[PDB]
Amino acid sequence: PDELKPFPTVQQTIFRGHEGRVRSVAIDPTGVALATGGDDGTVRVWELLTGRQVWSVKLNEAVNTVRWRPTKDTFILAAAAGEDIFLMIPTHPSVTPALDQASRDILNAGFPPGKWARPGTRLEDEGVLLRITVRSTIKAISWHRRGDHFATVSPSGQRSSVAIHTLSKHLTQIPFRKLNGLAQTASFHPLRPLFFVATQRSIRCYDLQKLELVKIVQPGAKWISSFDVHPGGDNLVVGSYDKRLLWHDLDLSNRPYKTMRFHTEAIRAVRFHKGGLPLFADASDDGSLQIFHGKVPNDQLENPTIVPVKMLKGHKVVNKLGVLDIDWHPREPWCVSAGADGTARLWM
């Protein structure tokens, strides 16, 4: 292209040793490490470039999501396994006695919609300092930018489905209880203190200030698989089992600005590239990730520009399923995908 560039093109690295599909991938806040939750029930931490596995732990029965505490002050990893949330401190070169102590004092500070307890004996020996139990199995986990608040979504959870957790008081609460249907997943706003909750039909947006609805947006899909919010906050992107991907401009309208079908199979994951670059990718049940370039001029008066830059293949479709997750490197334009191969793959 003329200038679009970077974009991921080829797969430079493969992460192996997960038996069974890899459910999730999360890149370190400082971008030197990769986290992968397994269907084997193991959380693994890897050196990003080499593909070396520097750490693993068996929580146990599958790990659905892994997310880092989005602060470089900590190095704290969060996992969702069955009904428990595990806050842990991976053994890493990046973890010194100082940083270890710091994160330990972040987790230990603050010593039932959720039940906070020490996982006990063997688990705390391996660096897992916390377990939070809710009453229905947890699909999604999201962090707030400052890293004190984190939300967990449990689709079958009836109305305790969307839960917001404060790490300070060890406080689980279930606000704005009130929805139109089953909650798939949730997200915090990048700038303002807002909150997004995606159901199967629609994506509702609440203000944590007044604890009530601000704006409801309709993607126009039969079932929402997932979504993600732009760093600017003014735009987001939705994706579905309807094979279609929808760009939503929240300034211009509450129904999608653009619709794209690049896939013959369901889209299981969608992620913007946080931290400055006009890249976003979506993952499909065919082994392909589709990489788009898109740009918000953040002075408004003009519409965002969307073009697909790539289709990344090489994930093997294994037992009916394709790529289950994506995550972006913080600075560099590298992405990492979690497929049903039992592998994670690095793309540059």
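The first residue of the shown sequence is 1; numbering continues from there.
- Missing deposited residues between residue 111 and residue 112: 10 or more, all without coordinates in the entry.
- In the deposited entry, the stretch joining residue 30 to residue 31 is continuous, with no residue of the deposited sequence left without coordinates.
- Averaged over their C-alpha atoms, the temperature factors of 271 to 279 and 203 to 211 are higher for 203 to 211.
- For the pair 194 to 202 and 176 to 184, the mean Cα B-factor is higher in 176 to 184.
- When the C-alpha B-factors of 53, 42, 284, 298 are read from the PDB record, the largest value belongs to 298.
- Based on the entry's C-alpha B-factors, the most elevated value among 151, 77, 171, 238 belongs to 171.
- Residue-level temperature factors show residue 92 in the lowest third of its chain, judged at the C-alpha atom.
- Looking at the C-alpha B-factors along this chain, the one for residue 246 belongs to the middle third.
- Per the deposited record, the Cα B-factor of residue 145 falls in the lowest third when ranked against the other modelled residues of its chain.
- When all modelled residues of the chain are sorted by CA temperature factor, residue 229 is found within the middle third.
- Per the PDB record, residue ranking by Cα B-factor puts residue 118 in the highest third of the chain.
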